[PDB]
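These notes are about the structure you will find just below.
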Amino acid sequence: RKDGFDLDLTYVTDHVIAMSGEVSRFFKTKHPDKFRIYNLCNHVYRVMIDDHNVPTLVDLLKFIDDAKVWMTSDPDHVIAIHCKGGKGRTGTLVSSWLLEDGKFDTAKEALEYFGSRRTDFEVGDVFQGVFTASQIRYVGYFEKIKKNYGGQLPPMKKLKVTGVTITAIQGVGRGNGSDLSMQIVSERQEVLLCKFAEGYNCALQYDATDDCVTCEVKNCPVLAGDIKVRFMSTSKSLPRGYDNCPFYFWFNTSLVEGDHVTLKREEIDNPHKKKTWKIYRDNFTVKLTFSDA
């Protein structure tokens, strides 16, 4: 800002920018004809990602391909990734790029580096100060793709949710799952809704001894690719976090191992924030049971 530019702009590296008339002016003078801008919310590449959500794995690989050709074609080329505040969504793509460009071997290091450069958190509180749990997971997904699938999408696995289990239920909503409903979202569309107490597409069992609820999930259509699962509540005590609900997460069907996915507190979106840890206890987990489809 010694040059007089007042932009919320960070050189994550010398050639990788994260940011939130003055902007066009900055790139025209500092990087004339040598910039590519990525809009997350004609040297412009658009990818629309909802606040506090992830790009699909397809969105992410498309971006990587586009970024790579631009970056490799000229030493002085720069990429600039912009968002609302240029935080979690921006960090997801930048960290993925940093992994692609070889600067880091692991997602954890890439993510932590982005957080240290972009924010004044620095290392320690980066993971939940900057990213959602799904955002962390998706950069981890990209790491696995690069290491084990040659930078390409894994073989498609199609699944159906046959069950959901939630542990440490006491103190969450009404404490017996009766306030809860579950929505499954694929490609921006609701594909299943379960209302627990009522038995609407499901059957609820509450176990007071194990402090858990288990719900048989009925009528799930075939799920393929990136799946968002949202939980809603009619209770007064369960706060809504991001995404207008108590808790939610994204996963990719083709990266599920075995017949289930179990997510710990820190792996679920909203409970990942420390402010909620009086509600979501250390043993709070959500597990989805699948069948092959």
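None of the figures in this text is laboratory data; all of them are computed from the coordinates on show. Backbone-built Cβ (ideal geometry, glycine too); neighbour counts: all protein chains shown.
Could you pull out every one of the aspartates and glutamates with an alpha carbon less than 13 Å from that of residue 287, ignoring same-chain neighbours closer than 8 positions?
Straight-line reach from residue 287, under 13 Å: 216, 257, 259, 267.
Going through the cross-link list 2/274; 2/108; 28/147; 108/218; 87/264, which pairs have a Cα-Cα distance over 27 Å in this structure?
2/274; 2/108; 28/147; 108/218
What Rg and what Dmax come out for the chain when only alpha-carbon atoms are used, in angstroms?
20.6, 67
Can you sort 256, 12 by how many other beta carbons sit within 10 Å, fewest first?
Sorted ascending by nearby Cβ count, the order is 256, 12.
Would you list which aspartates and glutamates come within 19 Å of residue 62, measuring only between C-alpha atoms, while excluding same-chain residues fewer than 8 positions from it?
50, 100, 101, 143, 187, 226
Using the 10 angstrom Cβ neighbour count as an exposure proxy, how do 181, 116, 95 rank, fewest first?
116, 181, 95
What number, rounded to the nearest 500 deg cm²/dmol, is the helix-based mean residue ellipticity at 222 nm of the chain, given -39500 (n - 2.57) per DSSP H run of at least four residues and division by all its residues?
Value at 222 nm, helices only: -7500 deg cm²/dmol.
Report the net charge of residues surrounding residue 160, where surrounding means a beta-carbon distance below 14 angstrom and charges are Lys +1, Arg +1, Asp -1, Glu -1.
Computed value for this residue: 0.
Based on other C-beta atoms within 10 Å, arrange 284, 5, 127 from fewest to most. Show your work: numbers first, answer last.
Working: 284 23, 5 13, 127 19.
Neighbour counts put them in this order, fewest first: 5, 127, 284.
Going through the cross-link list 103/146; 158/273; 160/228, which pairs have a Cα-Cα distance over 20 Å in this structure?
Over 20 Å apart, Cα to Cα: 158/273.
May I ask you to list the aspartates and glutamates whose Cα is less than 16 Å away from that of residue 236, ignoring any residue fewer than eight positions away on the same chain?
179
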